[PDB]
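Engineer: Input: one structure, supplied below.
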Amino acid sequence: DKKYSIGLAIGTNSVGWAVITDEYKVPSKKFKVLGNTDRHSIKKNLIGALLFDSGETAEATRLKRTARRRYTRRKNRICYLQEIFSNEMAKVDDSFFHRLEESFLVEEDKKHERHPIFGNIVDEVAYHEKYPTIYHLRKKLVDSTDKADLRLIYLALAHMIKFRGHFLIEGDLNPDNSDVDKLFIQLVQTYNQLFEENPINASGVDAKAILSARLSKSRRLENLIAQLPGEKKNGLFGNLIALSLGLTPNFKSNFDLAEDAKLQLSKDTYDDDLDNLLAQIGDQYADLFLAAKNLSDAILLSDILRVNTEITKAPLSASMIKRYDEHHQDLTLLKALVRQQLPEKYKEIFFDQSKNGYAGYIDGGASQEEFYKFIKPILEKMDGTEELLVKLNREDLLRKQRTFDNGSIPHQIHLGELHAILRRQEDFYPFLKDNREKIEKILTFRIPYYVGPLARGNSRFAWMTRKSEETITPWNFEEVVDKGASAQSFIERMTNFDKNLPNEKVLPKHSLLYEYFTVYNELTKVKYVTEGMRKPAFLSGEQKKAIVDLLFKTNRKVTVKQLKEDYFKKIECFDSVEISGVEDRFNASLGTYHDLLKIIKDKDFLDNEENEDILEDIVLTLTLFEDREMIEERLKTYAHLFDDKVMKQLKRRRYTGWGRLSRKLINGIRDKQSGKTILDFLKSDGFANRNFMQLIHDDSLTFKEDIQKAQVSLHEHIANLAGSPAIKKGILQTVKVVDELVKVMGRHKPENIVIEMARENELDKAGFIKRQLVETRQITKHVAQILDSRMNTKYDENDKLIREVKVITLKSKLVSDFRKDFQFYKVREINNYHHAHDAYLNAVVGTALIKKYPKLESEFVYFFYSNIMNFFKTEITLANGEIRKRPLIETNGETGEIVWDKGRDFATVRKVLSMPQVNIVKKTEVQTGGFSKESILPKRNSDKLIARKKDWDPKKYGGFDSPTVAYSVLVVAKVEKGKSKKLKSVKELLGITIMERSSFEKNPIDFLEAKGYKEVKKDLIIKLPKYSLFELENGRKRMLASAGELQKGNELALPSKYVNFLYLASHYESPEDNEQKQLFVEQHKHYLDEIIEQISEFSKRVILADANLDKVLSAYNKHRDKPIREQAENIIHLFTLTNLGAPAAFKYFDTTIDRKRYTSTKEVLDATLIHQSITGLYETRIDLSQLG
RNA sequence: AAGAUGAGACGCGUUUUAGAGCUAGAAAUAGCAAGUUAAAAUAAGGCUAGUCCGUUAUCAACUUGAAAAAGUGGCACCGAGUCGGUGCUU
DNA sequence: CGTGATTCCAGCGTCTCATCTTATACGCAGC
DNA sequence: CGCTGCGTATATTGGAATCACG
């Protein structure tokens, strides 16, 4: 048997594989070909590449799922509101809700009157006259006190609930506090009263302009400070301003506090932080802060709301109505001005829905920005146009009610408006008064981000824990959903498990047990050297306890000097002691211990072991939750041990982060023979003081065996890796390709497996060698480990894996240098063979390296310089112009095996690179994704429209188009051809769309009979996924891009000379070498027309693009006078014409050639279909012309 | 510092319908109006009936296994336009 | 009256939170 | 030995429509 090696090159969209025997020669083997064709054996080289579409992140799918949930919940909220309105609306208007529901149907299909709101034309007209927009209805309901019809109330409430704005501001906003300057003046006055010693000159400073400017918070703060030379941005007044702006000021400095007084108004915890300020400095500032809070409100209302507050308590409705009136006035003025001045453009602006005029801005498709762009030169051309220009410069001209920039509106405004409306109308409708709280809750309720979807055990994203078997409505959310359990699971389901105990769960970062473990583990390897000691000795358990009590339990940090003085000098009376294993200070510290000692003020409580679990239940509680209410609820169980002040301090205290070792791995498991745990051993390990690594790697202790036993699917193992989904797909395809290759070579595993991943998108000499050899990226290490585990499964009796297969890792830079140094150039656009070529080179390089320098295996699985690939060079430069020669045959001195034959290896490499047949295979994959193009098309008399619902005929209501076909199906059956319904046998591809895929797979016979096919041969059905391969004739092979489109599937085996000439001429990436290359470029410029001739021949044989090829030839003849480099680059562009895959347009100089599309699939019905294996070696050819 | 994964939310957009378009012109076609908004859906859909799930990952062919997956393909040499030819076994 | 050429077009803009993970250095400890 | 950890620092391509057009 011939032992071989496998080279692999992974990439986002390609996986190159190569099999090399000795002398670095790709074998050529005959493979049997199945099918009903006539061939029985085909020759194939053992090198190739696999092509596939890059993997997609779940980001888009997650966004779509979230949108689905949001729409579902919105509809549920509407349903709740209607249910509240059910009986009363039925008393008032029996079918009002029904008219609301069928509003989308056309008049033919409506079961009620076409007017939803009133069910009659006259009332609808009158209503539309009275309230031009819904905001008029809202303003009327808020302001008027007269009893209103329940339908209008429902419409206003539904408009509020359905569109409620964001929840980025919590608490009460007090929208009446809209005084941008008066509140500022009041705050300044209060500050001056509290700081009469340091008054502030607020005169001459416009608070409104600075604070309501459409700029960043920092910029406006700096602008305000600039007008106050005596005050700074970091000053107390400056920090109050920053807090009003929504920043995070640090009051610790201004108030000289030890606690970091970080306060932000938006945060729910703000009030509690204010309470902290109510416990350190005093209450005199409270009103001050309140004023600042009020100031903040005005700022938040400044940009969103531009209206007087005294006129009404619904500022949003007033602002919308004012904007509508401004729009109306500007529209009337603009119409008058256009008719007076430019009557010709009047039709273009007020009638052309296709243009970007007002007709297109309203009725057609045109944004506000687009409309402004269209209209601005028109307004400048006209005269008497100043107000409109000012508004356009302000982006406040002809604005609509429902614009894109309404997302800044806090839900508090809607809540206040709804509350006001309910209060106004509660005197007329008892149920509104009774269910006011319910509607307020519906408006203000959210599913908390830490609860997750309210599933019932049917979801792969859900962790919500219930309490009772009922329906989670917003009014009984707390009664049903267990907030504590759900919030704990929301953290636990995504936390890393212990590496040594995969079933167990890691401990928090600041656990007292974890800190103790770190302290003891660091203390175990501590040695002390004194005069009376011959040899340094480890610290005894009693000594360790004494040190911890003296230092670790008394100071937030422990230093080397503190250890030397406070223990050896004080207790041991050691005046000279040296400590090894630690420098500077000690990284481990009892930060949690000192913090809890500060808070609860009971050292004995901490020192009691019986409290340990409780202590853990505190720290975990201080890590699981971020809401202070949840933390308080959890700590209420332990509120009996500590005073309310301690409870408040604990609620304030909240640290995050998680450790890396579980509790069972520290204090859970106990050694069988000794009866001691890991913590027990760390507290007393005799005199050896074995640390955690020694304890877990000790063959004499049960811990290692327990770890091994507890430590006991390729796809799942890959899905848990860290990397982009495309790279993970590439890794999986690489592994399956390795499996296929092993099956190919007679099930004899290769000696070496070199792996290189392209890209995401004396001691010094030894270090440089290590840098050039090791692969810094860890995903490469993961892939190498996976391949080593899969290929190697022979662990000897000494508990060591027999390395029958050596996984090597290599970096792209070395191979690229090899290519560019030995003129083994590549062009990305010519063809895909480079992928396989790269793999081959990788294998060769790797193999040669492991042959030449076996001792370096540990670096990636001798000389005086740091170079490692230099021995391939036939001639070596000594960096001083002293060109010398290496031995012609390079061999390892110790072994004596020949590792490089310059007289044969270079020629063999050239031949392998020049081999015309390369196993390029496009990974056939059933396509999935959106059912079609999402854009909803208007009703047309076309059959390509796709229904958006069951009863919505696309001829009337419009719908989707351009469906995506997953895989085609070749059907041989009969149809009712002609008027006589003659059953003519037919053979054509039928497109299986993603929408219809399930129906077809459930019952193909009925699905095919539904589309008009009769007498279907069930066994003759052949499934052709996307990129299925067909051979028509004369070697013309095409990939089935869809049910009705083909792709070029043949590659151009360009001679290496042409490739090198193209690389050198175009400057794709030693002056004498450059001059020689230029001379060769000119010499092959004499040959340049040969490249064009080869392109034309390949196009005639396989492409059949007559018009495009003729235009290419004409343009080339026209541009023959162009410089050689320009022509070379343009021909590199020309390579797009014949490159594999979907045809693409290109540009030869100034002539643009569009893509030729093979839109007919009639020919492949009589061609030979090919099933290429994963590596493409095992091929199954079926002659489709023998069917039918 | 960067990137990935998941959860909770907003604002649009896009379609059909509701916004009586008026005058004259046999009709077609011109002139004159208005235009800002609202409802429903926003993947068809499924049952596992939940404020659940539906665009990520997986997938050559034949047999088996629900399916994850398992089984299924001789070697050497010469050359190379997509792989051919020659010798042994079969 | 089908058929090759030519052209048009595709849902999108934010916010909050959590879990991470890498990415590379440094120091300590090791079986 | 190489790993094991502990800590610190931060556009594209298929569909679809239309247009000569023999």
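Engineer: Working carefully through the options A:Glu23, A:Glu102, find the one that is surrounded by fewer than 18 Cβ atoms within 10 Å (Cβ to Cβ), more than 16 Å from DNA strand D (Cβ to nearest atom) and over 30 Å from A:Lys811 (Cβ atoms). Explain how you work it out, then say what you get.
Structural biologist: Values: A:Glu23 fails: over 30 Å from A:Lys811 (Cβ atoms).
Going through A:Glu23, A:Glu102 in turn, just one is surrounded by fewer than 18 Cβ atoms within 10 Å (Cβ to Cβ), more than 16 Å from DNA strand D (Cβ to nearest atom) and over 30 Å from A:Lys811 (Cβ atoms): A:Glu102.
Engineer: Hey, A:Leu290 hits all of (1) in contact with a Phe, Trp or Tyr (Cβ under 7 Å, 6 or more places away or on another chain); (2) part of a helix (DSSP H, G or I) but one; which does it fall short on?
Structural biologist: (1)
Engineer: May I pose another question? Which residue out of A:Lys535, A:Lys525, A:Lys483, A:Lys545 is within 12 Å of DNA strand C (Cβ to nearest atom) and not hydrophobic (A, V, I, L, M, F, W, C)? I'd like the intermediate steps shown before the answer.
Structural biologist: Values: A:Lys535 fails: within 12 Å of DNA strand C (Cβ to nearest atom); A:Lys483 fails: within 12 Å of DNA strand C (Cβ to nearest atom); A:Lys545 fails: within 12 Å of DNA strand C (Cβ to nearest atom).
None of the other options fit; the residue is A:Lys525.
Engineer: Could you tell me which numbered condition A:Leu432 fails, if it satisfies all but one of (1) surrounded by fewer than 15 Cβ atoms within 10 Å (Cβ to Cβ); (2) over 19 Å from A:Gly165 (Cα atoms)?
Structural biologist: The failed condition is (1).
Engineer: Just checking, does the stretch A:812-825 include any residue being away from DNA strand C (no atom under 16 Å from the Cβ), of a type in the set (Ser, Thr, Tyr) and buried (at least 17 other Cβ atoms within 10 Å of the Cβ)?
Structural biologist: yes
Engineer: Something else: Starting from residues that are near RNA strand B (Cβ under 7 Å from one of its atoms) and aliphatic (A, V, I, L, M), keep the ones in the stretch A:917-935 and report whichever is nearest to A:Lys729 (Cα to Cα).
Structural biologist: Going through the qualifying residues, I end up with A:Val926.
Engineer: On to the next question. Just the residues that are among the β-branched types (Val, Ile, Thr) and in a loop (DSSP other than H, G, I, E, B), please, taken from the stretch A:392-422.
Structural biologist: So the first thing to find is which residues in the stretch A:392-422 are among the β-branched types (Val, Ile, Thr), and the list is A:403, A:409, A:413, A:421.
Passing the criteria: A:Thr403, A:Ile409.
One line per residue, one yes/no per condition, for (1) within 11 Å of DNA strand C (Cβ to nearest atom); (2) under 24 Å from A:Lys527 (Cβ atoms); (3) of a type in the set (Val, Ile, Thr); (4) not assigned by TED's automatic domain parsing to the domain that holds A:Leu277:
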| site | (1), (2), (3), (4) |
| --- | --- |
| A:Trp658 | yes, no, no, yes |
| A:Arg663 | no, no, no, yes |
| A:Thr677 | no, no, yes, yes |
| A:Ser684 | no, yes, no, yes |
| A:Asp698 | yes, yes, no, yes |
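Engineer: Just checking, does the stretch A:979-988 include any residue being within 15 Å of DNA strand C (Cβ to nearest atom), in contact with a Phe, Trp or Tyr (Cβ under 7 Å, 6 or more places away or on another chain) and of a type in the set (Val, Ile, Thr)?
Structural biologist: Of the residues in the stretch A:979-988, the ones within 15 Å of DNA strand C (Cβ to nearest atom) are A:979, A:986, A:988.
Those still in the list that are in contact with a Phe, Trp or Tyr (Cβ under 7 Å, 6 or more places away or on another chain) too: none.
Checking the stretch A:979-988: not a single residue is within 15 Å of DNA strand C (Cβ to nearest atom), in contact with a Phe, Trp or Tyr (Cβ under 7 Å, 6 or more places away or on another chain) and of a type in the set (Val, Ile, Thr).
Engineer: If you check A:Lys91, A:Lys29, which single one turns out to be surrounded by fewer than 19 Cβ atoms within 10 Å (Cβ to Cβ), of a type in the set (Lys, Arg) and within 7 Å of RNA strand B (Cβ to nearest atom)? It would help to see each step written out before you state the result.
Structural biologist: On the way: A:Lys91 fails: within 7 Å of RNA strand B (Cβ to nearest atom).
Exactly one of A:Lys91, A:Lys29 is surrounded by fewer than 19 Cβ atoms within 10 Å (Cβ to Cβ), of a type in the set (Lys, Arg) and within 7 Å of RNA strand B (Cβ to nearest atom), namely A:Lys29.
Engineer: Looking for whichever is among the charged types (D, E, K, R), surrounded by fewer than 17 Cβ atoms within 10 Å (Cβ to Cβ) and within 38 Å of the chain's Cα centre (by Cα) here; the options are A:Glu1001, A:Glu996. Which one fits? Before the answer, list the steps.
Structural biologist: On the way: A:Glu996 fails: surrounded by fewer than 17 Cβ atoms within 10 Å (Cβ to Cβ).
Every option except A:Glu1001 fails the conditions.
Engineer: For A:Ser985, indicate whether it is under 30 Å from A:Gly1012 (Cα atoms), small (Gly, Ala, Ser), in a loop (DSSP other than H, G, I, E, B) and in the same structural domain as A:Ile1022 (by TED's automatic domain parsing).
Structural biologist: It is false that A:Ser985 is under 30 Å from A:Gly1012 (Cα atoms), small (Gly, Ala, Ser), in a loop (DSSP other than H, G, I, E, B) and in the same structural domain as A:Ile1022 (by TED's automatic domain parsing).
Engineer: Scan the stretch A:893-946 residue by residue and report those that are among the charged types (D, E, K, R), under 29 Å from A:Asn1050 (Cα atoms) and within 16 Å of DNA strand D (Cβ to nearest atom).
Structural biologist: Once the filter is applied, which keeps residues that are among the charged types (D, E, K, R), under 29 Å from A:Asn1050 (Cα atoms) and within 16 Å of DNA strand D (Cβ to nearest atom), the stretch A:893-946 yields A:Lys922, A:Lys923, A:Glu925.
Engineer: Within the stretch A:486-518, how many residues turn out to be among the small types (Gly, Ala, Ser) and closer than 24 Å to A:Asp607 by Cα? Outline the logic, then answer.
Structural biologist: Filtering the stretch A:486-518 down to residues among the small types (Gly, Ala, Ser) leaves A:486-487, A:489, A:511.
Subset that is closer than 24 Å to A:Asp607 by Cα: A:511.
Number of matching residues: 1.
Engineer: Here is a check on your reading of the model: is A:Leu501 outside any helix (DSSP H, G or I), of a type in the set (A, V, I, L, M, F, W, C) and either farther than 15 Å from A:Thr592 by Cβ or within 16 Å of DNA strand D (Cβ to nearest atom) (or both)?
Structural biologist: Values: outside any helix (DSSP H, G or I): yes; of a type in the set (A, V, I, L, M, F, W, C): yes; either farther than 15 Å from A:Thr592 by Cβ or within 16 Å of DNA strand D (Cβ to nearest atom) (or both): yes.
So A:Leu501 fits the description; yes.
Engineer: Also, quick follow-up: Answer yes or no as to whether A:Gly1044 is surrounded by fewer than 20 Cβ atoms within 10 Å (Cβ to Cβ), within 30 Å of A:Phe1000 (Cβ to Cβ) and outside the structural domain of A:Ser968 (by TED's automatic domain parsing). Steps first, answer last, please.
Structural biologist: Details: surrounded by fewer than 20 Cβ atoms within 10 Å (Cβ to Cβ): yes; within 30 Å of A:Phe1000 (Cβ to Cβ): yes; outside the structural domain of A:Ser968 (by TED's automatic domain parsing): yes.
Criteria met by A:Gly1044.
Engineer: Sticking with this structure for a sec: When you scan the stretch A:56-70, do you find a residue that is assigned to a loop (DSSP other than H, G, I, E, B), within 16 Å of DNA strand C (Cβ to nearest atom) and not β-branched (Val, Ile, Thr), even just one? Reasoning before the result, please.
Structural biologist: Within the stretch A:56-70, the subset assigned to a loop (DSSP other than H, G, I, E, B) is A:56-58.
Subset that is within 16 Å of DNA strand C (Cβ to nearest atom): A:56-58.
Still in the list and also not β-branched (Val, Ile, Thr): A:56, A:58.
Among the residues of the stretch A:56-70, at least one is assigned to a loop (DSSP other than H, G, I, E, B), within 16 Å of DNA strand C (Cβ to nearest atom) and not β-branched (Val, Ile, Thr), which makes the answer yes.
Engineer: What pairs come out if I take residues in the stretch A:919-932 that are surrounded by 14 or more Cβ atoms within 10 Å (Cβ to Cβ) and pair them with residues that are aromatic (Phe, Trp, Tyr) and in a loop (DSSP other than H, G, I, E, B) whose C-beta lies under 6 Å away, six or more apart or interchain?
Structural biologist: A:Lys922/A:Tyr1027; A:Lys923/A:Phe52; A:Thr924/A:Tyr1027
Engineer: Given the conditions (1) more than 16 Å from DNA strand D (Cβ to nearest atom); (2) farther than 30 Å from A:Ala1043 by Cβ; (3) among the hydrophobic types (A, V, I, L, M, F, W, C); (4) surrounded by 11 or more Cβ atoms within 10 Å (Cβ to Cβ), report the number of the one that A:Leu888 does not fulfil.
Structural biologist: Only one criterion is unmet by A:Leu888, namely (4).
Engineer: Across the stretch A:92-129, which residue is nearest to A:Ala158 (Cα to Cα) among those that are touching a helix residue (DSSP H, G or I) at 6+ places or on another chain (Cβ under 9 Å) and charged (D, E, K, R)?
Structural biologist: For the stretch A:92-129, the residue satisfying everything is A:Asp93.
A quick yes/no check of all residues on (1) away from RNA strand B (no atom under 16 Å from the Cβ); (2) surrounded by fewer than 16 Cβ atoms within 10 Å (Cβ to Cβ); (3) not aliphatic (A, V, I, L, M):
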{"position": "A:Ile600", "(1), (2), (3)": "yes, no, no"}
{"position": "A:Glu626", "(1), (2), (3)": "no, yes, yes"}
{"position": "A:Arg634", "(1), (2), (3)": "yes, no, yes"}
{"position": "A:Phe642", "(1), (2), (3)": "yes, no, yes"}
{"position": "A:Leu650", "(1), (2), (3)": "yes, no, no"}
{"position": "A:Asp671", "(1), (2), (3)": "yes, no, yes"}
{"position": "A:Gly675", "(1), (2), (3)": "yes, yes, yes"}
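Engineer: Is there a residue in the stretch A:1049-1061 that is farther than 30 Å from A:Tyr825 by Cβ, within 14 Å of RNA strand B (Cβ to nearest atom) and among the small types (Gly, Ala, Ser)? Full working, then the answer.
Structural biologist: Within the stretch A:1049-1061, the subset farther than 30 Å from A:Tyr825 by Cβ is none.
The answer is no, given that none of the residues of the stretch A:1049-1061 is farther than 30 Å from A:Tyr825 by Cβ, within 14 Å of RNA strand B (Cβ to nearest atom) and among the small types (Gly, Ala, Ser).
Engineer: If you don't mind, there's one more thing I want to ask. So, A:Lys499, is that one out of contact with any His (no Cβ under 9 Å at 6 or more places or on another chain), within 14 Å of DNA strand C (Cβ to nearest atom), of a type outside the set (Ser, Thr, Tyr) and not assigned by TED's automatic domain parsing to the domain that holds A:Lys603 or not?
Structural biologist: Numbers: out of contact with any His (no Cβ under 9 Å at 6 or more places or on another chain): yes; within 14 Å of DNA strand C (Cβ to nearest atom): yes; of a type outside the set (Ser, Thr, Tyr): yes; not assigned by TED's automatic domain parsing to the domain that holds A:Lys603: yes.
Yes, satisfied.
Table: residues versus (1) closer than 18 Å to A:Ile20 by Cβ; (2) of a type in the set (A, V, I, L, M, F, W, C); (3) more than 16 Å from DNA strand D (Cβ to nearest atom).
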{"site": "A:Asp838", "(1), (2), (3)": "yes, no, yes"}
{"site": "A:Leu841", "(1), (2), (3)": "yes, yes, yes"}
{"site": "A:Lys851", "(1), (2), (3)": "yes, no, yes"}
{"site": "A:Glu857", "(1), (2), (3)": "no, no, no"}
{"site": "A:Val861", "(1), (2), (3)": "yes, yes, no"}
{"site": "A:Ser866", "(1), (2), (3)": "no, no, yes"}
{"site": "A:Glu875", "(1), (2), (3)": "no, no, yes"}
{"site": "A:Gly881", "(1), (2), (3)": "no, no, yes"}
{"site": "A:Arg884", "(1), (2), (3)": "no, no, yes"}
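Engineer: Just name the residue that is nearest to RNA strand B (Cβ to nearest atom) out of those in the stretch A:794-813 that are touching an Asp or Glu at 6+ places or on another chain (Cβ under 9 Å) and more than 19 Å from A:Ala843 (Cα to Cα). Show your work before the answer.
Structural biologist: Here is the first cut: in the stretch A:794-813, the residues touching an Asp or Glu at 6+ places or on another chain (Cβ under 9 Å) are A:794, A:799, A:801-812.
Retained after the next criterion (residues that are more than 19 Å from A:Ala843 (Cα to Cα)): A:794, A:799, A:801-802.
On the way: A:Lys794: 17, A:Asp799: 26, A:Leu801: 20, A:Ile802: 21 Å.
Taking the candidates together, the pick is A:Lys794.
Engineer: In addition: Report the residue count in the stretch A:853-865 for those that are of a type in the set (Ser, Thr, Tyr) and either in a helix (DSSP H, G or I) or within 16 Å of DNA strand C (Cβ to nearest atom) (or both). Walk me through how you get there before you give the answer.
Structural biologist: From the stretch A:853-865, those of a type in the set (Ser, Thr, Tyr) are A:853, A:858, A:862, A:865; that's our starting set.
Among the residues that remain, those that are also either in a helix (DSSP H, G or I) or within 16 Å of DNA strand C (Cβ to nearest atom) (or both) are: A:858.
Number of matching residues: 1.
Positions of Cβ are generated from backbone atoms using ideal geometry, with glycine treated the same way; all protein chains shown enter the neighbour counts. All of this is worked out from the model, or read from it or from the source named; no laboratory instrument gave them.
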